[PDB]
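Structure first, then comments.
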Amino acid sequence: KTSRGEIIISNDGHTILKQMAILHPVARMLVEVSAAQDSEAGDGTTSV
Amino acid sequence: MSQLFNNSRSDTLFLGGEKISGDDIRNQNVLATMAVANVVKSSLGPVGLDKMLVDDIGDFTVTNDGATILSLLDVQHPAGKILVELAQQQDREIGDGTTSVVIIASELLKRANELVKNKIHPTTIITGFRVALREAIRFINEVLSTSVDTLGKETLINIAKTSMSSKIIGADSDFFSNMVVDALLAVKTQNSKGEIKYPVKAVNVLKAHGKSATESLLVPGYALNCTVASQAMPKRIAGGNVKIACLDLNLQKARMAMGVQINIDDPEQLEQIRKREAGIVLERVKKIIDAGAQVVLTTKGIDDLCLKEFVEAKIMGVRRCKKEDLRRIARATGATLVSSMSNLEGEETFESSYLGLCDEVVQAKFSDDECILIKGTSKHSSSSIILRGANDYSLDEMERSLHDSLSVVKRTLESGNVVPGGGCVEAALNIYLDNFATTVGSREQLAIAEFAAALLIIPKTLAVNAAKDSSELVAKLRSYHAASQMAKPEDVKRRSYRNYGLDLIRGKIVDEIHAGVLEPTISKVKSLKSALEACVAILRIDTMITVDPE
Amino acid sequence: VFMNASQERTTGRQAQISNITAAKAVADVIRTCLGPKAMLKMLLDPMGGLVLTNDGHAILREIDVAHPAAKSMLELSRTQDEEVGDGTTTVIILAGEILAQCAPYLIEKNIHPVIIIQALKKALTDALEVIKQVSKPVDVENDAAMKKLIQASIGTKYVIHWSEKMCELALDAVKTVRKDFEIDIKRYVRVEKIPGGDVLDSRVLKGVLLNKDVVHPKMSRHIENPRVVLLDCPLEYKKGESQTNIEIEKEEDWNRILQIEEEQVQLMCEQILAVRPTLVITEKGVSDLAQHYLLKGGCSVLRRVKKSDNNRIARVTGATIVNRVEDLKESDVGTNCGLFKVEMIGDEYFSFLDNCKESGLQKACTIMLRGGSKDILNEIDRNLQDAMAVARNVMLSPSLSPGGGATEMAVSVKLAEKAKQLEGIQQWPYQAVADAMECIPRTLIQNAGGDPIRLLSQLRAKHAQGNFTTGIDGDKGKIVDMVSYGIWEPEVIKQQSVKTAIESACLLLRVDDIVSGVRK
Amino acid sequence: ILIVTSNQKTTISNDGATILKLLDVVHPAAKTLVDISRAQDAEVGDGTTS
Amino acid sequence: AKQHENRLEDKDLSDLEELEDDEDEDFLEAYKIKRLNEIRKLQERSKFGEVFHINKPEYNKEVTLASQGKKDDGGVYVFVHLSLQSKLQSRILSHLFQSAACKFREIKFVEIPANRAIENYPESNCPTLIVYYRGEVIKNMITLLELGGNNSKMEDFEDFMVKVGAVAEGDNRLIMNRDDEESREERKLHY
Amino acid sequence: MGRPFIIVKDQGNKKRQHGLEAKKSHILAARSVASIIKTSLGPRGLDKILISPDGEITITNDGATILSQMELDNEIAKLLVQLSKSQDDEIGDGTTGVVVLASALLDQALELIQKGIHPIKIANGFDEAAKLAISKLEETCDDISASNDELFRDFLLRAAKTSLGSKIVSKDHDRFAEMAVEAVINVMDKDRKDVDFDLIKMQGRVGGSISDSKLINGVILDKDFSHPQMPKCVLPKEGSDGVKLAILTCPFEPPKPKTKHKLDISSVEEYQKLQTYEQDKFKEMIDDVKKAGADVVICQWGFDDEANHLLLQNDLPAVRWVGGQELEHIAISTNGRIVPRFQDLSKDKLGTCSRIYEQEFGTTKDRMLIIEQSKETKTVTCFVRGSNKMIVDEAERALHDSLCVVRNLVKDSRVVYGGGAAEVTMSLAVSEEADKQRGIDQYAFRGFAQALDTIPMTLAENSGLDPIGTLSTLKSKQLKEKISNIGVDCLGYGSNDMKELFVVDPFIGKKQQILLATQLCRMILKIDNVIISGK
Ligand SMILES: Nc1ncnc2c1ncn2[C@@H]1O[C@H](COP(=O)(O)OP(=O)(O)O)[C@@H](O)[C@H]1O
Ligand SMILES: Nc1ncnc2c1ncn2[C@@H]1O[C@H](COP(=O)(O)OP(=O)(O)O)[C@@H](O)[C@H]1O
Ligand SMILES: Nc1ncnc2c1ncn2[C@@H]1O[C@H](COP(=O)(O)OP(=O)(O)O)[C@@H](O)[C@H]1O
Ligand SMILES: Nc1ncnc2c1ncn2[C@@H]1O[C@H](COP(=O)(O)OP(=O)(O)O)[C@@H](O)[C@H]1O
Ligand SMILES: Nc1ncnc2c1ncn2[C@@H]1O[C@H](COP(=O)(O)OP(=O)(O)O)[C@@H](O)[C@H]1O
Ligand SMILES: [Mg+2]
Ligand SMILES: [Mg+2]
Ligand SMILES: [Mg+2]
Ligand SMILES: [Mg+2]
């Protein structure tokens with residue numbers, strides 16, 4: 001459940017990490033790695 | 001059922017709401033489903049009773065439909081919004097089984113959560129439902145029955161009584177079943193080179209509280225709710241072959257376009273400019289008056305400058321209206337809806353081919369209301385429904401009830417195959433799936449067995465709404481059905497059982513063919529699939545994450 | 001938490017108990033507002049006015065109840081008022097009893113709320129049969145019987161003392177609006193009020209009554225044969241639908257622009273004088289320059305008249321609604337106008353338009369009311385709507401049902417006799433329909449001060465043996481037959497009372513739960 | 001099961017006899033499980049969880 | 001409202017007999033049995049009545065155990081006096097103890113020399129008044145400058161006993177409430 | 001169902017935890033407690049500052065004293081407070097090691113909790129590994145009971161210097177270790193020896209320096225004489241060198257009964273008679289003491305004034321107000337017994353002392369007596385000094401820990417050699433048995449092996465040596481050679497053999513580190529539901 005009224009189901013680790021607002025910056029770096037795994041390969045965004 | 005709220009965790013810091021995991025989520029999702037399932041559980045079937053919901057301004061809505069009662073219940077929980085939008089998807093597509101599909105999904109999430117606690121994975125549970133549903137649709141094809149050796153429109157009458165029931169007008173189903181069937185046969189058309197289709201919301205509904213629901217008059221033709229432009233016009237046009245002119249052109253003191261700024265040096269031009277600016281509209285109305293349009297129809301209103309000639313020429317005027325109702329008037333009367341009058345040549349004109357044809361037109365008074373009743377259309381027939389009741393809230397209940405009744409008979413004529421009702425489908429699919437997967441064995445026998453028990457909630461829900469002994473009927477239903485499925489092909493009597501079951505009025509086992517309980521096959525098709533996808537969406541959820549609003 | 005609900009869900013049997021108690025409470029407010037000895041009701045609206053009446057519809061308009069089941073009972077009065085116009089209190093008081101009698105069973109003998117509905121439709125079907133048999137026809141052209149038919153409803157109001165004038169007032173008004181099937185409508189019935197004066201000199205006069213006077217003093221205040229012509233546009237100089245924006249260059253242009261403003265109003269006035277009218281009634285306002293030259297021809301100018309009155313003037317004088325003045329002819333000019341005269345009253349001026357009286361369009365009229373105060377006018381005006389409503393039913397339906405509770409009591413006896421032969425599960429709700437139909441005479445006996453125990457016992461003993469027209473005299477409180485009593489009501493009001501009351505019970509009986517505070 | 005009451009005194013237990021004694025139960029229907037657990041603890045002393 | 005309560009609340013067992021002829025018997029005798037029971041409780045609690053000149057070994061019992069009493073939380077107040085004969089305030093406070101001991105028999109009045117009480121106690125801080133109750137020290141009072149000093153009176157000492165919760169405010173034994181018979185005699189005549 | 005849903009009171013403050021993530025916070029919470037005291041382990045440790053709510057300050061490195069009197073919120077750390085305390089009360093040593101070893105078992109157990117093994121099955125592996133570890137240490141254990149008292153005297157210094165070496169008292173470890181050993185020589189029976197710990201008192205005065213601390217044989221008093229004109233130092237005369245210390249419960253006062261009583265005084269005849277009664281009582285009093293021949297009299301309560309002067313005349317000093325708990329300890333050292341009353345006073349029940357003196361301490365207005373004994377007596381009292389209040393408390397606690405370490409040597413002579421030698425010896429014993437007994441609990445044996453290695457790696461981390469070379473050398477060397485007294489040298493010596501470095505530890509002390517750790521962690525792992533009611 002995001003901040004606004006939109007609801008979304010997500011099995012993809014990239015979209016899970018993207019919608020989750022993390023306070024810690026080092027844990028936030030994993031959002032960019034999944035974005036990098038999604039942009040380059042497009043498969044195994046949670047395995048990385 | 002959840003108590004002792006989850007502790008705020010210091011090792012996992014996420015902005016917004018706190019994260020919670022474990023079995024409490026699927027317990028909370030099922031608990032959110034019971035909050036909406038118990039609401040719709042009581043208003044199921046003829047014996048079922050409905051509730052009221054106020055709008056916080058004095059207004060309220062007494063609702064029988066599952067889509068309407070859930071539309072006003074704005075569910076803040078995420079899992080409940082899936083079932084709320086499913087009913088909005090259900091009523092728009094099929095218009096039937098809106099209460100059952102929510103009740104089926106609630107019972108599935110109940111037993112699915114129990115199976116997850118029994119330590120089988122949800123992926124195996126979902127595979128058990130899909131292989132079971134694929135055999136269920138295969139079994140629905142086996143129990144079809146083609147209408148044959150039926151006198152007249154009896155198959156369309158008695159099947160409408162099933163949809164007409166569970167409402168206030170079920171007692172008057174003997175009177176409304178005829179006009180409902182006659183209404184859809186009046187709006188028949190052709191499309192896609194021979195494929196028979198009927199338009200959505202083609203029949204009108206007019207709210208006229210008054211005499212009674214028994215004396216609802218079926219006007220064989222189109223009806224429109226509009227006030228007369230000028231009260232001096234005649235309210236009854238005599239003589240046949242009344243020409244109807246449908247337009248969407250304004251007849252007022254028209255203004256020039258935005259990018260025109262008049263600038264003149266001569267003072268005397270104001271006389272001609274002021275007259276020509278008004279007189280340019282007279283050229284449009286002088287041509288249609290000479291054409292003999294006895295009753296003109298238009299979307300945009302008509303100012304008093306042009307209402308003089310209609311009063312002098314005895315022409316009926318029409319004020320603002322919806323854009324969609326004039327399309328069907330043109331189709332029935334044979335006219336053509338003109339967005340802007342013009343011609344391919346270099347001069348404006350008005351042809352006679354654009355005029356419609358009807359036998360009679362009259363402004364009938366429904367005890368406070370001006371409504372132009374058109375009857376005896378030439379090109380294509382039409383129909384309208386005059387709803388009557390005690391008060392406006394009952395008329396609103398009669399609107400959506402007829403919309404469900406019209407939708408059921410609409411899909412009935414699309415496919416001649418039908419299926420019986422009254423829990424016989426759910427009772428037969430229960431015993432059929434229990435026999436299935438006995439050869440499979442190892443793991444999916446328990447998942448499909450609980451799936452077969454989930455469909456039995458509908459004959460249990462209908463029984464307790466009657467305030468009678470429920471297990472006495474369940475003992476007769478399942479046992480009779482089983483004795484039919486097991487039987488030799490060659491046994492007339494036993495085979496027949498496959499056909500009948502629960503009765504909610506007299507409380508005994510009687511034949512559905514003589515009783516008249518019947519449903520379409522399309523109502524059950526794609527209903528369990530929607531409930532299946534509804535179960536899959538919540539059952540696969542493990543953890544819940546909430547972000548607070550900014 | 002979960003969705004905006006579950007505050008306190010009233011579920012099960014207690015929910016229906018509150019609805020029967022709430023539906024009974026609506027009838028208890030206006031229990032004394034029935035019969036000839038009915039008491040009045042002064043309700044205080046929050047804006048600042050006051051409504052003095054005894055009609056159940058006008059009482060329930062001003063009241064406000066914060067309960068959803070009682071509001072459905074509130075809307076039944078609009079069903080009766082906007083269908084006939086009489087018997088609104090009869091609708092509210094009967095339904096209360098129907099919901100109440102069916103309650104014992106719902107609460108105790110556990111008959112499900114659907115079996116009661118099936119029992120009521122057969123009772124509704126039998127109710128129309130006995131109401132059709134008990135009613136006797138009556139001649140529509142008999143003015144002697146029509147006056148007694150109109151004053152049946154007036155007898156339950158304040159103006160029974162002036163009933164000799166109100167029946168003549170209502171009968172002349174209904175025949176004027178009546179079109180030669182026999183469809184009439186009250187939108188042309190003008191409800192204009194005049195505070196003060198005596199009721200005896202108050203009379204209907206054929207035509208209209210304006211609130212305004214002439215503009216110029218030299219206009220003729222007394223015309224023998226007025227010729228009215230209706231105008232929709234104003235006599236002022238029309239600016240036009242688009243901006244003029246005259247680029248003036250020479251000095252002789254601005255005086256020309258102001259001179260054509262004088263000549264355009266001359267051109268529209270001169271073509272009005274082609275037919276030479278005596279009275280020009282404009283919808284919108286009028287200019288000061290145009291009235292003088294209309295007076296040079298002999299017309300009469302008035303202020304802006306709202307088109308609700310001009311449509312009445314079009315049917316009285318026979319003129320048509322005219323906006324374009326260039327297309328003015330001699331055929332569309334109003335004629336056959338009786339007399340023109342202006343009286344002096346301290347409130348405002350009043351211009352009278354009388355008709356010559358000698359098919360075509362239906363004629364309109366204005367009914368003069370000369371009451372004691374403002375509330376007396378509004379009280380008497382609603383009596384005319386209740387009195388003139390009776391005159392429509394006899395023309396649409398020549399049937400005539402007996403009054404004084406004899407019609408509803410006849411429903412009670414036949415449903416009670418036939419309930420024994422209706423053996424089964426439907427017998428208990430079917431027999432309970434007669435228990436409520438015998439209450440509408442019970443309310444008359446309670447207001448009269450008599451004992452309804454022995455009167456109803458004497459009523460049922462004589463109803464089967466004596467005749468079908470027996471009833472209770474509301475003034476004296478004794479059993480008097482309606483034939484000798486000489487008071488009758490239409491049968492259409494009895495149909496709407498039985499239909500609306502039973503159909504209201506079928507809706508409210510299906511209520512299971514009540515959930516408040518969901519959303520807007 | 002680790003329970004910590006309002007007085008901030010730690011009490012760890014495995015059997016359901018003293019776990020239900022620590023948690024002061026408001027609901028009467030939930031007190032039925034607490035009464036039989038103390039009764040089973042008082043009479044026999046085994047099977048308080050089962 | 002208070003006019004009905006003053007008939008019973010503002011009259012002892014000796015004064016309640018005034019209303020025997022005026023008020024109802026059942027209304028009066030019902031309260032006299034209540035007040036009679038309260039008088040019997042004070043007699044049973046009257047375990048003291050003279051100054052207990054103690055010594056230290058005993059302090060660990062007399063001062064503290066007593067303060068527990070029955071340990072029905074039957075607490076007992078114990079007023080200790082660290083006496084010092086060289087000081088003038090100490091001899092004044094010793095006279096107040098014996099005077100209060102004859103009146104308040106339920107409260108224990110304890111006295112001991114200050115030199116024998118605490119090792120090397122400051123002589124300037126004497127006389128010291130301690131009040132024990134259920135083993136806890138309710139008041140560690142300093143020299144009597146708070147209570148007037150050299151001009152301390154019996155009325156000031158009785159007022160201090162009410163502050164620490166040792167005697168009720170409306171007690172008939174206190175000099176503030178114990179009006180003279182001549183005072184009440186003048187009130188009845190002028191009424 | 002309604003909107004309220006209540007089962008127990010105060011649901012808002014009570015919050016549960018569950019699942020794998022709930023257990024994850026518990027072990028990681030132990031790392032925060034372990035990491036604080038991880039640097040204080042070994043001889044290179046650093047103390048911790050403590051601050052009470054009342055403002056009193058103290059400094060220390062003992063794990064029980066650190067964790068004690070501390071405000072905590074989590075319940076698992078409170079169990080570690082009770083742990084260290086456990087080892088302290090019974091043993092008095094190893095309070096930091098048992099917490100670090102307990103956290104090491106929890107850290108190695110989390111990896112396994114992450115694979116899918118049940119937590120109770122993990123604890124079963126440590127139990128079989130712990131019993132095999134202690135059984136293997138008992139096999140390679142050396143006993144020192146066969147040696148005589150002379151060599152056994154030296155072994156107390158080897159262990160006393162170990163525990164004192166990890167404190168701030170180690171500036172002179174040879175000097176202060178004799179204080180901890182000489183105190184136990186005076187209480188041991190020399191056959192089936194018992195420590196009798198209650199006789200050994202311990203008191204320290206804030207003043208001077210720590211180097212001036214000297215062991216005495218007697219009782220330390222914190223109070224002055226009844227009159228300051230009495231002589232400070234009191235010696236014996238020609239015969240009977242014992243001063244005949246008479247100890248008394250009842251002070252010099254008038255006799256009277258306990259119960260309330262009023263003595264009725266008649267006319268002047270009785271008034272003059274009672275003046276002779278008390279005047280003859282004091283004459284009878286002083287004759288009774290002189291008949292007994294006492295030279296020093298002490299009572300728990302103060303004598304009367306007149307009584308303070310009457311003793312001063314006959315050269316008979318007196319101390320007054322000697323605490324009741326302190327009065328009993330004086331009679332034991334002096335080989336005397338306390339008389340109930342004065343009529344039973346005789347020669348046999350008097351004391352015996354070598355010499356006494358009133359010691360002054362700077363410009364302060366306080367007096368302390370110091371009793372000394374020339375021969376071996378029963379009890380003994382420590383005399384600790386220091387230049388701060390907390391450093392005396394640290395020296396008292398450091399001496400108390402060494403006093404409890406040598407206490408274990410008396411009741412159990414079987415000792416071990418710690419400092420990373422026992423840990424690596426017990427780690428490879430379970431590792432060699434892991435691949436023999438693969439089963440499913442082999443990972444628990446390996447986790448128990450790696451958990452024991454954290455202690456010598458912590459000593460290597462604090463000493464600055466490389467844990468790679470240190471751990472690899474001990475594992476490679478101990479697998480080759482059977483001699484099991486080589487560990488981590490923290491002081492930087494050239495040889496790691498601990499025969500020459502003079503380090504000895506008890507077997508009961510090193511055993512309890514493994515037992516209390518492995519038995520606690522079973523309880524820590526068995527928690528699933530965690531409810532904490534907010535205060
Ligand atoms: N049918 C299967 N049977 C067994 N293992 C599978 C199957 N399909 C996928 N896997 C394994 O599960 C993993 C799924 O990764 P995936 O969820 O696709 O990552 P992402 O969703 O980030 O692309 C793969 O790495 C693969 O090794
Ligand atoms: N007269 C009847 N006899 C037996 N069963 C009926 C009858 N009318 C309706 N039902 C049953 O009630 C169920 C729900 O009907 P209804 O309430 O009209 O549809 P919805 O569930 O869309 O509201 C249907 O599945 C049907 O089998
Ligand atoms: N003079 C009368 N005597 C007895 N009953 C009367 C009399 N007049 C009216 N009633 C009864 O009162 C009922 C309502 O009549 P009326 O007062 O005209 O309508 P409303 O209830 O709308 O005011 C009728 O059903 C009729 O039976
Ligand atoms: N050695 C064993 N083998 C098999 N089952 C056992 C064994 N010991 C205990 N159980 C089972 O474990 C269950 C729970 O026992 P437990 O919880 O220890 O006792 P209680 O519930 O009285 O505290 C019992 O029902 C018993 O059947
Ligand atoms: N001089 C030394 N040489 C080798 N090892 C030592 C030396 N001093 C201490 N150690 C080791 O360091 C450990 C430190 O223990 P210590 O910190 O005194 O107990 P605690 O951890 O309870 O405070 C001892 O077990 C001992 O094996
Ligand atoms: Mg339906
Ligand atoms: Mg009326
Ligand atoms: Mg057990
Ligand atoms: Mg140590």
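Chain lettering (A, B, ...) mirrors the order of the structure tokens, residue numbering begins at 1 for each chain separately, and ligand numbering begins at 1 in order of display.
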For ligand 5, return the neighbouring residues as a tab-separated table (two decimals) with C-alpha atoms, in the first residue's frame (distance at most 6 Å; only C-alpha atoms and all ligand atoms).
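Printed below is pocket.tsv as written:
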chain	number	residue	atom	x	y	z
F	41	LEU	CA	38.56	-9.52	28.39
F	42	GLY	CA	42.14	-10.51	29.15
F	43	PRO	CA	45.05	-8.67	30.76
F	62	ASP	CA	34.09	-7.22	36.24
F	93	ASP	CA	35.32	-15.21	38.25
F	94	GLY	CA	34.60	-15.63	34.55
F	95	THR	CA	31.68	-13.19	34.44
F	96	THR	CA	32.75	-11.64	31.13
F	97	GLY	CA	33.78	-14.95	29.58
F	162	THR	CA	46.40	-14.57	37.10
F	163	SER	CA	43.16	-12.99	38.36
F	165	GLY	CA	46.81	-9.50	36.51
F	166	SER	CA	43.57	-8.60	34.70
F	418	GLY	CA	43.43	-21.28	30.41
F	419	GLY	CA	44.28	-18.30	28.25
F	489	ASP	CA	50.43	-14.82	24.97
F	490	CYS	CA	48.96	-11.34	25.47
With a distance threshold of 9 Å and counting only C-alpha atoms, extract the residues of chain C near chain F and express them as a ChimeraX atom specification.
/C:1-2,5-9
Save the residues we just selected, N, CA and C atoms, as a short mmCIF file (atom, residue, chain, number, x, y, z; two decimals), in the first residue's frame?
data_model
loop_
_atom_site.label_atom_id
_atom_site.label_comp_id
_atom_site.auth_asym_id
_atom_site.auth_seq_id
_atom_site.Cartn_x
_atom_site.Cartn_y
_atom_site.Cartn_z
N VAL C 1 -8.09 -0.80 12.17
CA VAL C 1 -9.53 -0.97 12.08
C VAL C 1 -9.90 -1.34 10.64
N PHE C 2 -11.21 -1.49 10.41
CA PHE C 2 -11.77 -1.88 9.12
C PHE C 2 -12.66 -0.74 8.65
N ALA C 5 -17.92 1.34 9.28
CA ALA C 5 -19.15 0.64 9.63
C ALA C 5 -18.92 -0.05 10.97
N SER C 6 -19.86 -0.90 11.37
CA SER C 6 -19.74 -1.74 12.56
C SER C 6 -19.68 -0.91 13.84
N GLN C 7 -20.30 0.27 13.85
CA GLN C 7 -20.44 1.03 15.09
C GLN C 7 -21.30 0.24 16.07
N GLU C 8 -22.57 0.04 15.72
CA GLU C 8 -23.50 -0.80 16.47
C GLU C 8 -24.49 -1.38 15.46
N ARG C 9 -24.20 -2.58 14.97
CA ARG C 9 -25.05 -3.21 13.97
C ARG C 9 -26.30 -3.78 14.64
#
As a ChimeraX atom specification, please: all residues of range 28-169 of chain E that backbone DSSP puts in strand (DSSP E).
/E:52-53,77-83,108-113,128-133,136-141
Using only C-alpha atoms and all ligand atoms, what are the residues with an atom within 6 Å of ligand 4, set out as a PyMOL selection string?
chain D and resi 15+46-50
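Interatomic distance, CA of residue 44 in chain A to atom 15 (O, counted along the ligand's line) of ligand 1: 5.2 Å.
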